[PDB]
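As structure tokens, the next two blocks hold two forms of the same chain, structure 1 and structure 2.
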Structure 1
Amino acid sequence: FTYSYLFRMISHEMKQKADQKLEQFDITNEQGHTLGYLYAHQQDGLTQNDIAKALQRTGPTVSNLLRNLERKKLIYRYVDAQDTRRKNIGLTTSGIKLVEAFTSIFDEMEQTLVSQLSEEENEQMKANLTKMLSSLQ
């Protein structure tokens, strides 16, 4: 089996399983992780470009994702007072409640995954993944 096949499938399947679980929250996988990131780093408090950089997503992409979240009233955006170009992002109380609500799912997946592999194997695995991801700049 080629590597591309492997990764593209374990990630297609991961995305699918995640969406299946998140169906009761009316958000997608990507929105779930974005919401989570915002949960972690809200206090910073980051612009859209920061999210783009942190997530490996282009500007228009995150613009659409964020406009989606904002339509679901899970986040809020305002213009920075110092740099009118910038758009500062924050979680609303609904967004925060939601993040506190699904987050168990992601952890469930991570656990159900690591339970397949012995800790030495899991550690060597993550190390080799990190190295591979490093290879592609």
Structure 2
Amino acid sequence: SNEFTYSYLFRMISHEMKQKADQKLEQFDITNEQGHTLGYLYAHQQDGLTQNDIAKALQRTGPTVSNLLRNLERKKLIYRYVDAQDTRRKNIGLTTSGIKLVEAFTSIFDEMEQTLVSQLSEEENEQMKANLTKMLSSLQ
């Protein structure tokens, strides 16, 4: 409808999506930082990740990353295994519970997006995302 400002519609949609996601998030009890770490591992552990690599990629310091990985390992969401190429070296990866956790978190957003996408045709979705991007561009 034309009775609403873009500000209102965007505020409400964003608020609602946030509320749903948050209500879904309160049962993980894991840190934002740790969530980002687990997601990075989900996306890149096939590269054989070391602590330093995680530090660089996360743009955090070594001891902070150490703290995170220590806490995640305590929770049994990650583990360290001997490198297949070089048995001298160790790599960090997800455990089963970690993979499950990342997939759940991600499924929340994938389902939300799919819900939104299914309301419009492919062309309508394409036009919508393009106009949204133009608008945001107009906001910077």
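Think of the rigid core as the biggest set of C-alphas that the two forms share within 1.5 Å after superposition. Numbers given to residues start at 1 and step along the sequence of structure 1.
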> Which of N49, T93, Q111, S63 has its C-alpha displaced by 2 Å or more between structures 1 and 2 after core superposition?
Replying inline: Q111
>> Superposing on the rigid core, is the Cα displacement of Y76 between structures 1 and 2 2 Å or more?
In response: no
>> So that I can tell if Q24 moves, could you say whether its C-alpha shifts by at least 2 Å between structures 1 and 2 after the core superposition?
In response: no
> Once the rigid core is matched, what's the CA displacement of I10 between structures 1 and 2 in angstrom?
Replying inline: 16.9
>> If I align on the rigid core, how far apart are the two C-alpha positions of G36 between structures 1 and 2? Answer in Å.
In response: 0.2
